[PDB]
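Asks: File structure-v4.cif follows (mmCIF, N, CA and C atoms):
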data_query
loop_
_atom_site.label_atom_id
_atom_site.label_comp_id
_atom_site.auth_asym_id
_atom_site.auth_seq_id
_atom_site.Cartn_x
_atom_site.Cartn_y
_atom_site.Cartn_z
N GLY A 1 -6.28 27.41 -6.68
CA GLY A 1 -7.47 26.54 -6.78
C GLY A 1 -7.15 25.10 -6.44
N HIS A 2 -7.80 24.17 -7.11
CA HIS A 2 -7.57 22.75 -6.87
C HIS A 2 -7.01 22.08 -8.12
N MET A 3 -5.79 21.57 -8.01
CA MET A 3 -5.18 20.84 -9.10
C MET A 3 -5.98 19.57 -9.36
N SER A 4 -6.33 19.34 -10.61
CA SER A 4 -7.10 18.16 -10.98
C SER A 4 -6.74 17.69 -12.38
N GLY A 5 -5.51 17.22 -12.54
CA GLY A 5 -5.10 16.64 -13.80
C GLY A 5 -5.45 15.17 -13.87
N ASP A 6 -5.90 14.64 -12.74
CA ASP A 6 -6.29 13.25 -12.63
C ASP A 6 -7.67 13.16 -11.98
N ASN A 7 -7.97 12.05 -11.31
CA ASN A 7 -9.28 11.87 -10.67
C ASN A 7 -9.37 12.65 -9.36
N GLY A 8 -8.25 13.20 -8.93
CA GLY A 8 -8.23 13.98 -7.71
C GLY A 8 -7.63 13.21 -6.56
N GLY A 9 -6.74 12.29 -6.88
CA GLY A 9 -6.09 11.49 -5.87
C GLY A 9 -5.31 10.33 -6.47
N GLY A 10 -5.93 9.16 -6.48
CA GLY A 10 -5.29 7.98 -7.02
C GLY A 10 -6.17 7.29 -8.03
N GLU A 11 -5.70 7.22 -9.26
CA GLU A 11 -6.47 6.65 -10.35
C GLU A 11 -6.48 5.13 -10.25
N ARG A 12 -7.63 4.53 -10.53
CA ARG A 12 -7.80 3.09 -10.37
C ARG A 12 -7.00 2.30 -11.40
N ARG A 13 -6.41 1.20 -10.93
CA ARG A 13 -5.59 0.34 -11.77
C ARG A 13 -5.74 -1.11 -11.30
N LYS A 14 -5.16 -2.03 -12.04
CA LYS A 14 -5.18 -3.45 -11.69
C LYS A 14 -3.82 -4.03 -11.92
N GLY A 15 -3.53 -5.15 -11.29
CA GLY A 15 -2.26 -5.79 -11.53
C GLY A 15 -2.04 -7.04 -10.74
N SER A 16 -0.79 -7.42 -10.65
CA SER A 16 -0.39 -8.60 -9.93
C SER A 16 0.89 -8.29 -9.18
N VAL A 17 0.91 -8.69 -7.93
CA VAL A 17 2.01 -8.42 -7.04
C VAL A 17 3.31 -8.98 -7.60
N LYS A 18 4.35 -8.18 -7.51
CA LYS A 18 5.69 -8.62 -7.88
C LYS A 18 6.30 -9.33 -6.68
N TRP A 19 6.14 -8.71 -5.51
CA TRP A 19 6.50 -9.31 -4.24
C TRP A 19 6.12 -8.37 -3.11
N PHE A 20 5.69 -8.96 -2.01
CA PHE A 20 5.36 -8.21 -0.81
C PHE A 20 6.26 -8.67 0.33
N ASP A 21 7.21 -7.84 0.70
CA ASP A 21 8.16 -8.22 1.72
C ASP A 21 8.02 -7.34 2.95
N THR A 22 7.67 -7.95 4.07
CA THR A 22 7.49 -7.22 5.32
C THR A 22 8.83 -6.97 6.01
N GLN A 23 9.86 -7.67 5.56
CA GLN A 23 11.21 -7.51 6.10
C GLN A 23 11.88 -6.31 5.46
N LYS A 24 11.79 -6.26 4.14
CA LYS A 24 12.32 -5.15 3.37
C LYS A 24 11.53 -3.90 3.69
N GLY A 25 10.25 -4.12 3.93
CA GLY A 25 9.36 -3.04 4.26
C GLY A 25 8.78 -2.40 3.03
N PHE A 26 8.93 -3.08 1.91
CA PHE A 26 8.36 -2.59 0.66
C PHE A 26 7.99 -3.73 -0.27
N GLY A 27 7.07 -3.45 -1.18
CA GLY A 27 6.67 -4.40 -2.18
C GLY A 27 6.33 -3.71 -3.47
N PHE A 28 6.05 -4.47 -4.51
CA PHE A 28 5.71 -3.89 -5.80
C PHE A 28 4.56 -4.64 -6.44
N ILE A 29 3.75 -3.91 -7.18
CA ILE A 29 2.68 -4.49 -7.96
C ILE A 29 2.90 -4.20 -9.43
N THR A 30 2.80 -5.22 -10.25
CA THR A 30 2.86 -5.04 -11.69
C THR A 30 1.45 -4.80 -12.22
N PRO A 31 1.15 -3.57 -12.64
CA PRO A 31 -0.17 -3.23 -13.14
C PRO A 31 -0.46 -3.90 -14.47
N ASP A 32 -1.58 -4.60 -14.52
CA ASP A 32 -1.98 -5.36 -15.70
C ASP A 32 -2.37 -4.41 -16.82
N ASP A 33 -2.99 -3.30 -16.45
CA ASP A 33 -3.47 -2.33 -17.42
C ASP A 33 -2.60 -1.08 -17.40
N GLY A 34 -1.46 -1.19 -16.75
CA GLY A 34 -0.55 -0.07 -16.64
C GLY A 34 0.86 -0.44 -17.06
N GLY A 35 1.80 0.46 -16.82
CA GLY A 35 3.16 0.23 -17.25
C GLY A 35 4.12 -0.02 -16.10
N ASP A 36 4.43 1.03 -15.36
CA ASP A 36 5.41 0.96 -14.29
C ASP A 36 4.86 0.24 -13.08
N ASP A 37 5.70 -0.61 -12.49
CA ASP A 37 5.36 -1.33 -11.27
C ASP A 37 5.21 -0.34 -10.13
N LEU A 38 4.18 -0.53 -9.33
CA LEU A 38 3.86 0.40 -8.27
C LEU A 38 4.27 -0.16 -6.92
N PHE A 39 4.82 0.70 -6.08
CA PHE A 39 5.20 0.33 -4.73
C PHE A 39 3.97 0.06 -3.88
N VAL A 40 4.01 -1.05 -3.16
CA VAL A 40 2.91 -1.42 -2.29
C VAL A 40 3.42 -2.03 -1.00
N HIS A 41 2.91 -1.56 0.11
CA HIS A 41 3.16 -2.19 1.38
C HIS A 41 1.93 -2.12 2.26
N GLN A 42 2.04 -2.65 3.48
CA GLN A 42 0.89 -2.82 4.37
C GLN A 42 0.07 -1.54 4.50
N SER A 43 0.73 -0.39 4.55
CA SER A 43 0.04 0.87 4.79
C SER A 43 -0.66 1.36 3.53
N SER A 44 -0.50 0.62 2.45
CA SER A 44 -1.15 0.96 1.20
C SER A 44 -2.22 -0.07 0.85
N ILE A 45 -2.48 -0.99 1.77
CA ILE A 45 -3.51 -2.01 1.54
C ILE A 45 -4.84 -1.48 2.04
N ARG A 46 -5.91 -1.84 1.34
CA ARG A 46 -7.28 -1.36 1.63
C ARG A 46 -7.71 -1.71 3.06
N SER A 47 -6.91 -2.51 3.73
CA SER A 47 -7.19 -2.94 5.07
C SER A 47 -6.62 -1.98 6.09
N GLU A 48 -7.48 -1.52 6.97
CA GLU A 48 -7.05 -0.77 8.14
C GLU A 48 -6.79 -1.73 9.30
N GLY A 49 -7.17 -2.99 9.12
CA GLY A 49 -6.92 -4.00 10.12
C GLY A 49 -5.75 -4.89 9.74
N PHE A 50 -6.03 -6.04 9.17
CA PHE A 50 -4.98 -6.94 8.71
C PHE A 50 -4.64 -6.61 7.26
N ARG A 51 -3.41 -6.18 7.03
CA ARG A 51 -3.00 -5.69 5.72
C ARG A 51 -1.69 -6.33 5.29
N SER A 52 -1.79 -7.21 4.31
CA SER A 52 -0.62 -7.87 3.75
C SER A 52 -0.97 -8.43 2.39
N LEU A 53 0.03 -8.55 1.55
CA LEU A 53 -0.16 -9.07 0.21
C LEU A 53 0.70 -10.30 -0.01
N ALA A 54 0.28 -11.12 -0.95
CA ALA A 54 1.05 -12.27 -1.36
C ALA A 54 1.74 -11.97 -2.67
N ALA A 55 3.01 -12.36 -2.71
CA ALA A 55 3.93 -12.01 -3.78
C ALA A 55 3.39 -12.28 -5.17
N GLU A 56 2.78 -13.43 -5.37
CA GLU A 56 2.30 -13.83 -6.69
C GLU A 56 0.84 -13.45 -6.93
N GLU A 57 0.25 -12.75 -5.97
CA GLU A 57 -1.19 -12.52 -5.97
C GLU A 57 -1.59 -11.44 -6.97
N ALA A 58 -2.80 -11.55 -7.51
CA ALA A 58 -3.34 -10.52 -8.38
C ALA A 58 -4.18 -9.55 -7.55
N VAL A 59 -4.27 -8.30 -7.97
CA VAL A 59 -4.86 -7.26 -7.15
C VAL A 59 -5.52 -6.16 -7.98
N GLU A 60 -6.41 -5.43 -7.33
CA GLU A 60 -7.00 -4.22 -7.90
C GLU A 60 -6.80 -3.10 -6.90
N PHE A 61 -6.40 -1.95 -7.39
CA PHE A 61 -5.91 -0.89 -6.54
C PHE A 61 -6.09 0.46 -7.19
N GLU A 62 -5.73 1.48 -6.46
CA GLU A 62 -5.61 2.80 -7.02
C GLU A 62 -4.13 3.12 -7.09
N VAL A 63 -3.71 3.82 -8.11
CA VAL A 63 -2.33 4.22 -8.20
C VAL A 63 -2.18 5.70 -7.92
N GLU A 64 -1.40 5.99 -6.90
CA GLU A 64 -1.19 7.36 -6.45
C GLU A 64 0.28 7.70 -6.57
N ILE A 65 0.59 8.88 -7.06
CA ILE A 65 1.97 9.27 -7.21
C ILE A 65 2.52 9.87 -5.93
N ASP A 66 3.57 9.23 -5.43
CA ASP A 66 4.22 9.63 -4.19
C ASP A 66 4.98 10.93 -4.40
N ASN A 67 5.39 11.58 -3.30
CA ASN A 67 6.11 12.86 -3.38
C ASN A 67 7.49 12.67 -3.99
N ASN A 68 7.87 11.42 -4.18
CA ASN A 68 9.13 11.09 -4.85
C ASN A 68 8.90 10.99 -6.36
N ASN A 69 7.65 11.24 -6.76
CA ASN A 69 7.22 11.21 -8.16
C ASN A 69 7.20 9.79 -8.70
N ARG A 70 7.36 8.82 -7.81
CA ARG A 70 7.20 7.43 -8.18
C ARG A 70 5.79 6.99 -7.81
N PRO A 71 5.02 6.50 -8.79
CA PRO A 71 3.66 6.06 -8.53
C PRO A 71 3.62 4.79 -7.69
N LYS A 72 2.70 4.78 -6.74
CA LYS A 72 2.56 3.69 -5.80
C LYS A 72 1.12 3.19 -5.78
N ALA A 73 0.93 1.95 -5.38
CA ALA A 73 -0.39 1.35 -5.39
C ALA A 73 -0.99 1.33 -4.00
N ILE A 74 -2.24 1.77 -3.90
CA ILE A 74 -2.93 1.82 -2.62
C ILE A 74 -4.36 1.31 -2.75
N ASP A 75 -4.99 1.08 -1.60
CA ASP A 75 -6.36 0.58 -1.52
C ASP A 75 -6.44 -0.76 -2.22
N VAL A 76 -5.38 -1.51 -2.06
CA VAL A 76 -5.22 -2.79 -2.72
C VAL A 76 -6.29 -3.78 -2.29
N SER A 77 -6.94 -4.37 -3.28
CA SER A 77 -7.99 -5.35 -3.06
C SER A 77 -7.79 -6.50 -4.05
N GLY A 78 -8.69 -7.48 -4.07
CA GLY A 78 -8.57 -8.57 -5.04
C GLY A 78 -8.64 -8.07 -6.47
N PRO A 79 -8.21 -8.87 -7.46
CA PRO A 79 -8.19 -8.47 -8.88
C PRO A 79 -9.55 -8.01 -9.41
N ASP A 80 -10.63 -8.45 -8.77
CA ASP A 80 -11.97 -8.06 -9.19
C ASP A 80 -12.42 -6.82 -8.43
N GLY A 81 -11.58 -6.38 -7.50
CA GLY A 81 -11.94 -5.28 -6.64
C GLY A 81 -12.67 -5.77 -5.41
N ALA A 82 -12.52 -7.06 -5.17
CA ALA A 82 -13.15 -7.71 -4.04
C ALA A 82 -12.39 -7.40 -2.76
N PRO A 83 -13.09 -6.90 -1.74
CA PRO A 83 -12.49 -6.60 -0.45
C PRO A 83 -12.26 -7.86 0.37
N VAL A 84 -11.18 -7.88 1.12
CA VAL A 84 -10.88 -9.00 1.98
C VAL A 84 -11.50 -8.77 3.34
N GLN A 85 -11.72 -9.83 4.10
CA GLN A 85 -12.33 -9.70 5.42
C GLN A 85 -11.47 -8.83 6.33
N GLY A 86 -10.17 -8.91 6.11
CA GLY A 86 -9.23 -8.15 6.90
C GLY A 86 -9.19 -6.66 6.57
N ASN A 87 -10.06 -6.21 5.65
CA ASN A 87 -10.06 -4.82 5.23
C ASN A 87 -10.49 -3.92 6.39
N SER A 88 -11.59 -4.28 7.03
CA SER A 88 -12.10 -3.52 8.16
C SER A 88 -12.87 -4.44 9.11
N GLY A 89 -13.71 -5.29 8.54
CA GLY A 89 -14.51 -6.19 9.34
C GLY A 89 -15.72 -6.69 8.58
N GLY A 90 -16.83 -5.98 8.71
CA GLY A 90 -18.04 -6.36 8.02
C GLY A 90 -18.94 -7.22 8.88
N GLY A 91 -18.55 -8.47 9.07
CA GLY A 91 -19.33 -9.37 9.89
C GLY A 91 -19.96 -10.49 9.09
N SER A 92 -19.91 -10.37 7.77
CA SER A 92 -20.45 -11.38 6.89
C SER A 92 -19.40 -11.79 5.85
#
Write out the structure in this file as structure tokens.

Replies:
Amino acid sequence: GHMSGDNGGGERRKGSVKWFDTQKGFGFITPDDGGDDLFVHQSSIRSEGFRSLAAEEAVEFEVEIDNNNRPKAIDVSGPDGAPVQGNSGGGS
């Protein structure tokens, strides 16, 4: 059948970036309402266009557990869940 011990993908969380390094190729988010820091990088940002995070920045995201069993943060947006213009576009 369909495993559903969670929301069926990545459960919503909030936090603040520990650091986003494009050189290292990895970053981490400290979840404000969670425990373990979640891995975050460009491919986990809510942006399909311009996707990058600022080290000290606060964020709202979904936390998804990677195949390494380490939970990672994706669909990263502002702390209020506010989308950035670089997410896709919009026009306004």

Asks: In terms of the shortest atom-to-atom distance over only C-alpha atoms, which of A:3, A:35, A:62, A:42 is closest to residue 23 (chain A)?

Replies: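 Once distances to residue 23 (chain A) are computed over only C-alpha atoms, the minimum belongs to A:42.
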
Asks: Just how far from atom C of residue 50 (chain A) is atom C of residue 37 (chain A), in Å to one decimal?

Replies: 20.9 Å

Asks: From the list A:71, A:31, A:49, A:1, which residue is nearest residue 87 (chain A) when using only C-alpha atoms?

Replies: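 Once distances to residue 87 (chain A) are computed over only C-alpha atoms, the minimum belongs to A:49.
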
Asks: Go through A:38, A:21, A:4, A:58 one by one, measure the shortest atom-to-atom distance of each to residue 81 (chain A) using only C-alpha atoms, and give the residue with the smallest value.

Replies: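 Looking only at the distances to residue 81 (chain A), the closest residue turns out to be A:58.
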
Asks: Region 50-90 of chain A near region 8-16 of chain A within 6 Å: what's each residue's closest atom pair and its distance in Å to one decimal, counting all atoms listed in the file, ordered by chain then ascending residue number, as CSV?

Replies:
residue,atom,partner,partner_atom,distance
A:56,C,A:16,C,5.6
A:57,C,A:16,CA,4.3
A:58,CA,A:16,CA,3.8
A:59,N,A:15,C,3.8
A:60,CA,A:14,CA,4.3
A:61,C,A:13,N,3.8
A:62,CA,A:12,CA,4.0
A:63,N,A:11,C,3.7
A:64,CA,A:10,CA,4.2
A:65,N,A:10,CA,5.9

Asks: Run the PyMOL selection byres (((chain A and resi 88 and name CA) around 12) and name CA) mentally over the shown coordinates, then write out the matched residues as a ChimeraX atom specification, using the chain letters and numbers from the document.

Replies: /A:45-51,75,83-87,89-92

Asks: Determine which residues of chain A DSSP labels as strand (DSSP E) from the backbone of this structure, then write them out as a PyMOL selection string.

Replies: chain A and resi 11-21+26-31+38-39+58-65+71-77

Asks: Give the answer as one residue: which of A:77, A:40, A:2, A:66 has the shortest atom-to-atom distance to residue 25 (chain A), using only C-alpha atoms?

Replies: A:40

Asks: Provide the atom C of residue 17 (chain A) to atom N of residue 68 (chain A) distance in Å, to one decimal place.

Replies: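 A separation of 21.2 Å between them.
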
Asks: Distance CA of residue 52 (chain A)-atom N of residue 19 (chain A), one decimal place?

Replies: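 Computing the Euclidean distance for CA of residue 52 (chain A) and atom N of residue 19 (chain A) yields 11.5 Å.
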
Asks: Rank A:5, A:72, A:20, A:82 by their smallest atom-to-atom distance to residue 54 (chain A), using all atoms listed in the file, and report the top residue only.

Replies: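 Of all the options, A:20 lies closest to residue 54 (chain A).
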
Asks: Name the closest residue to residue 44 (chain A) among the candidates A:29, A:18, A:73, A:24; distances are taken between atoms, counting all atoms listed in the file.

Replies: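 Under the stated criterion, the closest residue is A:73.
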
Asks: Only C-alpha atoms, as a tab-separated table (two decimals), in the first residue's frame: that is what I want for region 45-63 of chain A.

Replies:
chain	number	residue	atom	x	y	z
A	45	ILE	CA	14.97	25.92	-1.94
A	46	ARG	CA	11.36	26.67	-2.96
A	47	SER	CA	12.86	28.44	-5.96
A	48	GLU	CA	13.11	26.67	-9.26
A	49	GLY	CA	14.80	29.81	-10.55
A	50	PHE	CA	17.12	31.72	-8.24
A	51	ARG	CA	17.72	29.57	-5.18
A	52	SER	CA	20.06	30.55	-2.38
A	53	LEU	CA	19.92	31.16	1.34
A	54	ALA	CA	21.63	33.56	3.69
A	55	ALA	CA	23.52	32.07	6.59
A	56	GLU	CA	21.85	34.06	9.36
A	57	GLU	CA	18.44	34.15	7.67
A	58	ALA	CA	15.21	32.82	9.15
A	59	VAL	CA	13.11	30.46	7.05
A	60	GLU	CA	10.00	28.32	6.75
A	61	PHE	CA	10.28	24.96	5.08
A	62	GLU	CA	9.24	21.38	4.94
A	63	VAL	CA	11.45	18.79	6.53
